[PDB]
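Student:
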Amino acid sequence: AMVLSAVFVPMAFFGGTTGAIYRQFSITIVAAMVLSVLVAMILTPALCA
Amino acid sequence: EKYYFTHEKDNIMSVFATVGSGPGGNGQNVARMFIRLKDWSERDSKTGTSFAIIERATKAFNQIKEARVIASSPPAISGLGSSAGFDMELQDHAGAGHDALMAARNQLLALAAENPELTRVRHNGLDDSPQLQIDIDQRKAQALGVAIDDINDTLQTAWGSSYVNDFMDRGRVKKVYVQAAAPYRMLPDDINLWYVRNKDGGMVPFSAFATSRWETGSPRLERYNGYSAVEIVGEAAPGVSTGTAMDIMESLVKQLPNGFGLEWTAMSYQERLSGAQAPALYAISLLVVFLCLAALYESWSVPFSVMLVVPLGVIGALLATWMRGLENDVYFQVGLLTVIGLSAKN
Amino acid sequence: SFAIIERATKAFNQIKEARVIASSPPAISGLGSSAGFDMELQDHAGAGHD
Amino acid sequence: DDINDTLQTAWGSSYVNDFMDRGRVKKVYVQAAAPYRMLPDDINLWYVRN
Amino acid sequence: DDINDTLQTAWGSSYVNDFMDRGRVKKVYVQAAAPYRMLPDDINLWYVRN
Amino acid sequence: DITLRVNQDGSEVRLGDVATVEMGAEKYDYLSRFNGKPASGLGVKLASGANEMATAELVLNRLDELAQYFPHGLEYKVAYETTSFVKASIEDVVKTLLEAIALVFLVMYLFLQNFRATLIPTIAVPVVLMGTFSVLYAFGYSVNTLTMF
Amino acid sequence: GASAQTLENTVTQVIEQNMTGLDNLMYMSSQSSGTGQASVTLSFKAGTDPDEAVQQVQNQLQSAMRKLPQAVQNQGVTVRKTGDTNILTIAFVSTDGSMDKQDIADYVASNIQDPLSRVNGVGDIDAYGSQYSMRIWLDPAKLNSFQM
Amino acid sequence: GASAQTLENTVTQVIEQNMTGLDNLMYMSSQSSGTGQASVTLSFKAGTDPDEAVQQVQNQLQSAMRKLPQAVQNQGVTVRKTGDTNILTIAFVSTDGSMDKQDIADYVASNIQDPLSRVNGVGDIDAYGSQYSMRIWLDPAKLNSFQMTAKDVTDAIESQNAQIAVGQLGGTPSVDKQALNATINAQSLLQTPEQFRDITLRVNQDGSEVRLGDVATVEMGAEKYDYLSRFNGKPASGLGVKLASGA
Amino acid sequence: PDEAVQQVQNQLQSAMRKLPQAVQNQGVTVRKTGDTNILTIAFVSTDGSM
Ligand SMILES: CN[C@@H]1[C@@H](O)[C@@H](O[C@@H]2[C@@H](O)[C@H](O[C@H]3O[C@H](CN)CC[C@H]3N)[C@@H](N)C[C@H]2N)OC[C@]1(C)O
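Protein chains in written order, with full-length UniProt numbering: chain A, 446 to 494; chain B, 594 to 939; chain C, 643 to 692; chain D, 742 to 791; chain E, 742 to 791; chain F, 248 to 396; chain G, 51 to 198; chain H, 51 to 297; chain I, 100 to 149.
1. I want to know whether the stretch 679-687 of chain B touches the stretch 826-834 of chain B - three or more CB-CB distances under 8 Å.
2. Starting from the beta carbon of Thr222 of chain H, find every residue of chain F whose beta carbon is closer than 7 Å, and list them in chain order.
3. Let me make sure I understand the geometry here. Which of H:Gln125, H:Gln112, H:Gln105 has the alpha-carbon closest to that of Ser113 of chain G?
4. When we look at the beta-carbon of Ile137 of chain H and count the other beta-carbons within 10 Å, is it buried (16 or more) or exposed?
5. Going along the chain, which residues of the stretch 324-340 of chain F sit with their C-beta nearer than 8 Å to a C-beta in chain G?
6. For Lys768 of chain D, which three-state DSSP category applies?
7. Below 8 Å between beta carbons: does that hold for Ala751 of chain D and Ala200 of chain H?
8. Could you work out which residues of chain G lie near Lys117 of chain I, taking near to mean beta carbons separated by less than 8 Å?
9. Report the three-state DSSP secondary structure of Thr233 of chain H (helix, strand or coil).
10. So what does DSSP say about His716 of chain B, is it helix, strand or coil?
11. Just to confirm, is the Cβ distance from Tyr820 of chain B to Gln726 of chain B under 8 Å?
12. Listed in chain order, which residues are found with a beta carbon closer than 5 Å to a heavy atom of ligand 1?
13. Would a C-beta distance cut-off of 8 Å place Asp782 of chain D and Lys768 of chain D closer than the cut-off?
14. Which value, in whole angstroms, describes the spacing of the CA atoms of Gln724 of chain B and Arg813 of chain B?
15. Of all Cβ atoms in chain E, is any one closer than 8 Å to the Cβ of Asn59 of chain H?
16. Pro723 of chain B by DSSP, collapsed to three states: which one?
17. Using only alpha-carbon positions, find the residue among H:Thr135, H:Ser183, H:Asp264, H:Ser144 that is nearest to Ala297 of chain H.
18. Quick one, which residues of the stretch 597-617 of chain B are near chain F if we go by CB-CB under 8 Å, in chain order?
19. Is there contact here, the stretch 280-293 of chain F with the stretch 188-196 of chain G, by at least three beta-carbon pairs under 8 Å?
20. In three-state DSSP terms, what is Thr139 of chain G?
21. Strictly by DSSP, which residues pair up with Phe627 of chain B?
22. So that I know if they touch, is there some Cβ in chain H lying closer than 8 Å to that of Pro723 of chain B?
23. Since residue 940 of chain B is in the beta strand (DSSP E), which residue starts that stretch and which ends it?
24. For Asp264 of chain F, tell me which candidate among F:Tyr356, F:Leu293, F:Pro373, F:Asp248 has the shortest Cα-Cα distance.
25. How is the alpha helix (DSSP H) around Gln55 of chain H delimited, first residue to last?
26. Sorted by chain position, which residues of the same chain lie with C-beta nearer than 7 Å to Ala159 of chain G's C-beta, five sequence neighbours on each side aside?
27. Quick check on the DSSP output: the beta strand (DSSP E) that includes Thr267 of chain F runs from which residue to which?
28. What does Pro285 of chain H pair with, by DSSP beta-bridge criteria?
29. If we count the other Cβ atoms within 10 Å of its Cβ and call it buried at 16 or more, is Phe362 of chain F buried or exposed?
30. To be precise: take each residue of the stretch 162-192 of chain H, compare its Cβ to all Cβ atoms of chain B, and keep it if any distance is under 8 Å. Which residues remain?
31. Return the CA-CA distance between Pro100 of chain I and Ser666 of chain C, expressed in angstroms with no decimal places.
32. Of all the alpha helix (DSSP H) runs that stay within the bounds of the stretch 62-107 of chain H, which reach a length of 4 or more residues?
33. Evaluate contact between the stretch 61-77 of chain H and the stretch 259-276 of chain H, counting only Cβ atoms and requiring at least three cross-stretch pairs below 8 Å.
34. Relative to the C-alpha of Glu273 of chain F, which residue among G:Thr145, G:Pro119, G:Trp187, G:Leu57 is closest?
35. Do we get a CB-CB distance below 8 Å when we pair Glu815 of chain B with the residues of chain G?
36. Any contact of the stretch 285-295 of chain F with the stretch 80-100 of chain H, i.e. 3+ C-beta pairs under 8 Å?
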């Protein structure tokens, strides 16, 4: 998750219209990755157990 | 409309034509037609796509020689521009004049038509037109006792429209206009049909003190920033990048006489601003990934083992993009970053 | 205030020259009677005032 | 009104209308010549029409 | 136009100018005197110059 | 019947004696047709910094309401609308998202060979997606082609 | 009834000279048409608050409104935070043919254009047909006949 | 036409009345002049959004707009965010000497002031020169000689130097099979001083013509003669660039 | 409320020149209704001189 978010975090900083487009993807994917961390360490262990 | 309802009647849901309104400015000689296609399912998706329809339509319209009819697709972004393709303003910095500006516009259009790298280069405006000039001999006018204000008033009220006041029609206060009847304002000789009143109350014809003379003028004058300019929209040929086409247009405007410069506007302006931040992004992202790997594995060697698989995904993504004939764009870049991330995880 | 306005309403209903009502001020002008309703009977066809 | 207009135009520049100058629209001002608006007695030099 | 003016500035008010009263600028209103704009017959009391 | 001059003879010169009066358009510049039929059009322009889809939905709804009082035979027909493409594209992206979830479920069932085991990663998808939508709302972003992709 | 040159001299140039000090002004494009319409499109940098931009433009413009010709003032200048692309173009057609083009345009401009222009989000709604107006067509022969 | 004391009592004080109590207001400073121009300068606390302050001032203005005299309302009241930060003061000087100070001022005000005023961050550009203007210098002796008045010259100029909206040939609605549609230009704005000298004030019955030059000295001069700037002892013109707040 | 009143004022500026001159002279005010009146002070002349 850290490397996945690392490939996308710098993308958001870029400005301009292109930066805005990047920011959209960046925010979305980084949030998805963080939640996947939280889900994989909270919900999935309980389900497996 | 006959063409659209005859040749392609399996893709057109409806057409709506508005005579008098145009993308390059309103006028009696322009018309804008809104064509609405059917759903994507009903269309062929191989020959009924918007692009194929536009291609066939533009061939049939280039066959038309009575007017300049141009079929264009709506812009990629709603706010930026009115149609796809590069957008350029051809200003007149030196203030040479309107005639010099129009001559330079024609010269630039000819130069663009010379280069096959640029397609549909055109002026998004109205060409110069002959316009009548009514010159009144002031001395002869007031020698007959006719006030200049009176002749100006009758001229502007008769030929032009005069909004006197309002009247109420079924609950709404609509305007009241006074103007000459249509048959009496169609020809230059119709000026002589009007009689003004002198001091003594006698009626004098307009032919007594007024003459008419034809002259060239512009029905629409556009000014980009503070300088007179002519907007020159167009399209880029397949293969050559839009930035390269813009540079070609810059070369063309350089070939123009001195005093005329260009300023990209709207989508072209924003495209010129951006597009060079990719390599930086990639480099910074790769450096960040390497540092994160070094932190995770507590080594400066293991990340090199991991970071060598980025090309293994990049080559495949590039091969897939080129094989399908796609283009390196914003979507492609984000894809590349996703591929890099997944290769890193693997 | 309520008893005063009640007596005033009685005495003013006794008045026949004009219509006079004594009412306590609402706390907020926006709020009205919970059972009330405001309707604007419009004239879409432009029929006329009459 | 004539007296006030004459005074205003003579001593204060009266912005009548505009004129064209090399593609720029510029103002037209009407005012008395410099030597005729310098002393308090210069007011007596002007004539209004009966 | 004369008829409409006489009606408007006689029966209705007419805010013509401002006057300085004790260091403050008030309004100047021109209107008919009260007894001359009280009845429909008072219309006939007005004269218009041809 | 507007009187221009009453002669001493008593013969008046009315407006109709010197001109023709009729009720026409105030501006004669436009002349529009719809499918070869006479028509009149309106071009609604979005206010800068406003949602296009919501504005178009509000406009059309209002038009419907107004349509109630239309004279007999008058009908409005949307000739050029942009939000239709946006809605269709978003629907298509939702379709491919659901199809992707189904295919991922199929692949995981194939590899794991246990329905009970397969269900565990599948449930993780809606939770993460809903959390992502919550984050998008918190950050003030909007459902668009980029976010959906 | 104005000319392109007349508009570009008396209106378009006058407005441009006063459009000064606007924040985040990327570029301004103005056009003066012979149809009698003059426009000045001030496009601001992205992220600028449209309301603040409109406030600044209106504040600057109000100084120059008295300079404009009398007819322009009577017609009135409008400042809208609108683009050029139409989000939707509605077409009104009389199915029965009872109402001609002018009747349809008048009904639209009377009962439909105003309520739509007040819908939230609608920056501007131009019309491809104008409302009714008491058109008076002068006959110069008759005007000279009666010495008027 | 208002004296300084009258202007202060009737305009400035009224404007100051309601604006006291504005949020984040530090102090006010009126500068009622003697030519009839009022100026109230409100200073807000540091960190206040200039735009929001201007909006609040404009909103509070309509509360006291009715109390102002009719003439003041007709002239109009303007609210602008004024600063005093002079980023640059560029002085324009003609090294050759071919250009008079008025020529330099005209060139600056026509070609330089406007493009620089659009630059981002430039709140205002004070001009130390004025563009050209067709100065009509009246001569009272000559006016009395020809039985003319100043208003005669003004009306003649305002009538013979006007831009007229005449219309178009074949403008809609038009007769069927109309062949051509063209704009009809008319009497245009004059351009050279000699054109103004030829403006005919009055044609006598004998055919004698009283031209404008006969009663006036037409000459192209400065719109505002007030300013006079010198750079290193030489005639020059200048622009004072004023920074927009928050740039 | 400030934004709303500012927008209303801006829209009105495009119409005040179409209003009758009398209305313009009287002035057109844009106000936000709903203000709270803390006090209503009444001034009375006990002596009757005023
Ligand atoms: C959208 N709500 C409104 C809106 O008008 C808002 O506008 C601010 C705008 O004033 C700020 O702009 C600010 O920009 C610089 C500050 N460093 C200086 C000028 C200042 N106006 C923008 N950065 C953010 C907008 N939402 O300001 C007031 C408000 C009530 O919050």
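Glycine included, each C-beta is placed from N, C-alpha and C at the ideal position.
Tutor: Taking the geometry as given:
1. A contact exists between the stretch 679-687 of chain B and the stretch 826-834 of chain B.
2. Ordered by position in chain F, the residues that pass the 7 Å Cβ test against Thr222 of chain H are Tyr275, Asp276.
3. Answer by Cα proximity: H:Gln125.
4. Classification of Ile137 of chain H: exposed, given that the 10 Å Cβ count is below 16.
5. Listed by position, the residues of the stretch 324-340 of chain F near chain G (Cβ gap below 8 Å) are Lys324, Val325, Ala326, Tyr327, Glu328, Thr329, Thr330.
6. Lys768 of chain D falls in the strand class under three-state DSSP.
7. Yes.
8. Against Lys117 of chain I, the close residues of chain G are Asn124, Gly126, in the order they occur along the chain (beta-carbon pairs closer than 8 Å).
9. When secondary structure is reduced to three states using DSSP, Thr233 of chain H falls in the strand class.
10. Secondary structure of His716 of chain B (DSSP, three-state): strand.
11. Cβ atoms of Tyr820 of chain B and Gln726 of chain B: not closer than 8 Å.
12. Here the residues come out as G:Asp99, H:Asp99, H:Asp101, H:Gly296.
13. No; because the gap between Cβ atoms is not below 8 Å, this pair is not in contact.
14. Computed Cα separation, rounded: 12 Å.
15. By this cut-off, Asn59 of chain H is an interface position.
16. Look at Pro723 of chain B here: in three-state DSSP terms it is strand.
17. It is H:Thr135 whose Cα lies nearest to the Cα of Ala297 of chain H.
18. Residues of the stretch 597-617 of chain B with a Cβ closer than 8 Å to any Cβ of chain F, in chain order: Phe598, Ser607, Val608, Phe609, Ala610, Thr611, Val612, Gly613, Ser614.
19. The stretch 280-293 of chain F makes no contact with the stretch 188-196 of chain G; the number of CB pairs closer than 8 Å stays below 3.
20. Under the three-state reduction of DSSP, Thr139 of chain G is assigned to strand.
21. Answer is B:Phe609, bridged to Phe627 of chain B.
22. Chain H, which has a Cβ nearer than 8 Å to the Cβ of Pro723 of chain B, makes this yes.
23. As shown, chain B starts at 594 and ends at 939. That puts residue 940 of chain B outside it, with no answer to give.
24. Nearest C-alpha to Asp264 of chain F: F:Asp248.
25. First-last of the alpha helix (DSSP H) with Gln55 of chain H: 54-57.
26. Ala177, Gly179, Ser180, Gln181.
27. Unbroken beta strand (DSSP E) run through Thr267 of chain F: 266-272.
28. Looking at the DSSP output, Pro285 of chain H shares a beta bridge with H:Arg280.
29. Per the 10 Å Cβ criterion, exposed.
30. Residues are counted here when their Cβ sits less than 8 Å from a Cβ of chain B; for the stretch 162-192 of chain H these are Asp164, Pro165, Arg168, given in chain order.
31. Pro100 of chain I and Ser666 of chain C: Cα-Cα distance of roughly 28 Å.
32. Every unbroken stretch of the alpha helix (DSSP H) spanning 4 or more residues and falling wholly within the stretch 62-107 of chain H is given here in chain order: 63-69.
33. Too few Cβ pairs lie closer than 8 Å, so no.
34. For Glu273 of chain F, the nearest C-alpha among the options comes from G:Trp187.
35. At least one chain G Cβ lies under 8 Å of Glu815 of chain B.
36. Between the stretch 285-295 of chain F and the stretch 80-100 of chain H there are fewer than three inter-stretch CB-CB distances shorter than 8 Å, so the stretches are not counted as touching.
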